[PDB]
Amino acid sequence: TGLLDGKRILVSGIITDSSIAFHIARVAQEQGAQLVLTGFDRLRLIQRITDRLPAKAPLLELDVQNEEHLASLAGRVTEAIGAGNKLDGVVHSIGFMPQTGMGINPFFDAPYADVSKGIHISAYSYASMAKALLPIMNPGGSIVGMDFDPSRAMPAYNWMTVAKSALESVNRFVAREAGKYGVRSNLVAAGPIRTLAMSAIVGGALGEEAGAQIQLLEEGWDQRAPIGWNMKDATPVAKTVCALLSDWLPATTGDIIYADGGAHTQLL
């Protein structure tokens, strides 16, 4: 009697035990969902990481920049879940921006090839995954992507923020297409989460000024949040993704749910 009992859900984006997708996968399994996982490039690493999940789940390779991986994806998922079975859910928890597009590298100094790669992975791939998976999704189904509120510019995030603005726009169009299948498409805008990369950035991996700026942003976020914000805890974000994967928000689509402690609703 979990929130997601009997649901078949694809979860992309696990790389480490601190990935937001690891926690989404863990909570979905705690809630009775049967998962299919997708991983990029380091499959041996991802398998060892996913071995820590409450239940076993088939892992499929998916490089979103690879058209062959996308073209074979639905067939590979069908084989993993069994012929005649379809997905009820899809989680996009994929994001990347080359170092030139984030941090202390001046915003104007990011070459377009780098920005384009980041936009391909972080925004266009949300449409790529929906195109590949909608033909194998059941009516009442749900597609969820991870967002970081890009409504206002912020230091260091730079082109990653531009990619999120593009992602929010993509989500509204994916919802139009997904609707033809009786499927919802939404994003969860999370507050900052101390993933391995976020800790490294605050530690100065992308320059001192950028680290200092992200640390101030994190502190301000918890201060603004009426219920507080714990950057070390991805569970509230994972629960929110599961809320969207469930039958409990059936009239919400092309939309954004903020799992940010309410920080975006307050100025100070």
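Each residue number is its position in the shown sequence, starting from 1.
Checklist entry - Relative to the other compared entries, is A197 without coordinates in a third or more of them? => result Yes.
Checklist entry - At least a third of the other compared entries lacking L206? => result Other entries vs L206: at least a third skip it.
Next on the checklist: Using only C-alpha atoms and the B-factors in the entry, which stretch averages higher, 144-152 or 89-97?
Outcome noted: Comparing 144-152 with 89-97, the higher mean C-alpha B-factor belongs to 89-97.
Next on the checklist: Quick check on the record: does 65-73 or 234-242 carry the larger mean Cα temperature factor?
Outcome noted: Stretch with the greater average CA B-factor: 65-73.
Checklist entry - Among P106, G118, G191, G179, which carries the highest Cα B-factor? => result Answer for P106, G118, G191, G179: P106, with the highest C-alpha B-factor.
Next on the checklist: By the recorded C-alpha temperature factor, relative to the other modelled residues in its chain, which third is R8 in?
Outcome noted: It belongs to the middle third of the chain when residues are ordered by C-alpha B-factor.
Next on the checklist: Lowest, middle or highest third: which one holds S19 when the chain's residues are ordered by CA B-factor from the entry?
Outcome noted: For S19, the deposited C-alpha B-factor lands in the middle third.
Next on the checklist: Considering every modelled residue of the chain and its Cα B-factor in the PDB entry, is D114 in the lowest, middle or highest third?
Outcome noted: Middle third - that is where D114 ends up once the chain's C-alpha B-factors are sorted.
Item to check | Third assignment of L37 from its chain's C-alpha B-factors | outcome: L37: CA B-factor falls in the middle third of its chain.
Checklist entry - With respect to C-alpha B-factor, does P226 fall in the lowest, middle or highest third of the chain as deposited? => result Bottom third by C-alpha B-factor.
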